[PDB]
Each structure stands twice: as structure tokens, then as C-alpha cells.
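Asker: One structure, pasted below without further comment.
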Protein chains: 2
Amino acid sequence: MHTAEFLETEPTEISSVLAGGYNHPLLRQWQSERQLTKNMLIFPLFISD
Amino acid sequence: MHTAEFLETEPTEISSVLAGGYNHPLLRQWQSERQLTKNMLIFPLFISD
């Protein structure tokens, strides 16, 4: 019958491994080129007559 | 006597004007490529025996 096939594999190349850099919540923040702060916001106002 | 000399001047070239971009406290923050946050800090600990 149909069984799960698994192809033979060569050792892992270090260049394929990106995972060490984003496996934790903090790391996902370390990963942003820039973090969002309150002073970056500009709120629009529609002033009336 | 010695009086303050002032050389004749040509109109201002727009390319010389950088001042419009950092004349206010907020602008000096807008000017940073990256702002400092608490999550960017890593504190070293010397653990004893």
C-alpha cells in the first residue's frame, strides 16, 4: 500500500539555516530594521468652519 | 576705525538649506535612522561560583 516516502538526504548545508534567527518572540523584534514608536505617528485633523 | 565688514551676497541657493529639517525637538527624533527602545538592551551578568 501507499507508505510515506522519504528521500535520501545529504548533511545540512549551513547556508540553508535561517531558523536560528527568529525562533523566539524577542528575536522577531530584533529582526525589524525599525521599531514602531509613538513619536512616529502623525494624526490628521479636519478643521471646520 | 574697525567696523564690521559684510560681503555682498547672491540670493540663497536652495541646496544650501538644510535647516528646515532640524529646528524643532521632534524633528531631531525624526532625523534618527533608528530610535532607542528598551528591547534593544542586553544586560551582562557575572555569575559566581
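Going by the C-alpha cells order, chains are called A, B, ..., each with residues numbered from 1, while ligands are numbered from 1 in the order shown.
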Would you list which chain B residues are within 9 Å of chain A using only C-alpha atoms, as a list in words?
Answerer: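 Going by the stated atoms only, the list reads residues 26, 29, 30, 33, 34, 35, 36, 37, 39 and 40 of chain B.
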Asker: Would you save the residues from that selection as a PDB file, in the first residue's frame, using C-alpha atoms?
Answerer:
ATOM      1  CA  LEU B  26      10.606  66.418  17.432  1.00  0.00           C
ATOM      2  CA  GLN B  29      13.934  62.476  16.554  1.00  0.00           C
ATOM      3  CA  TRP B  30      12.520  62.250  13.037  1.00  0.00           C
ATOM      4  CA  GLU B  33      17.559  56.380  11.345  1.00  0.00           C
ATOM      5  CA  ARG B  34      16.647  54.411  14.425  1.00  0.00           C
ATOM      6  CA  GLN B  35      15.207  55.108  17.801  1.00  0.00           C
ATOM      7  CA  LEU B  36      16.357  53.559  21.044  1.00  0.00           C
ATOM      8  CA  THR B  37      13.920  51.224  22.810  1.00  0.00           C
ATOM      9  CA  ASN B  39      14.013  45.804  23.956  1.00  0.00           C
ATOM     10  CA  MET B  40      17.315  46.652  22.272  1.00  0.00           C
TER      11      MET B  40
END
Asker: Report as a PyMOL selection string: the residues of chain A with a DSSP assignment of alpha helix (DSSP H), based on the backbone of this structure.
Answerer: chain A and resi 25-30
Asker: Report, in Å to a single decimal, how far apart atom CA of residue 31 of chain B and atom CA of residue 16 of chain B are.
Answerer: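 About the pair atom CA of residue 16 of chain B and atom CA of residue 31 of chain B: they are 17.8 Å apart.
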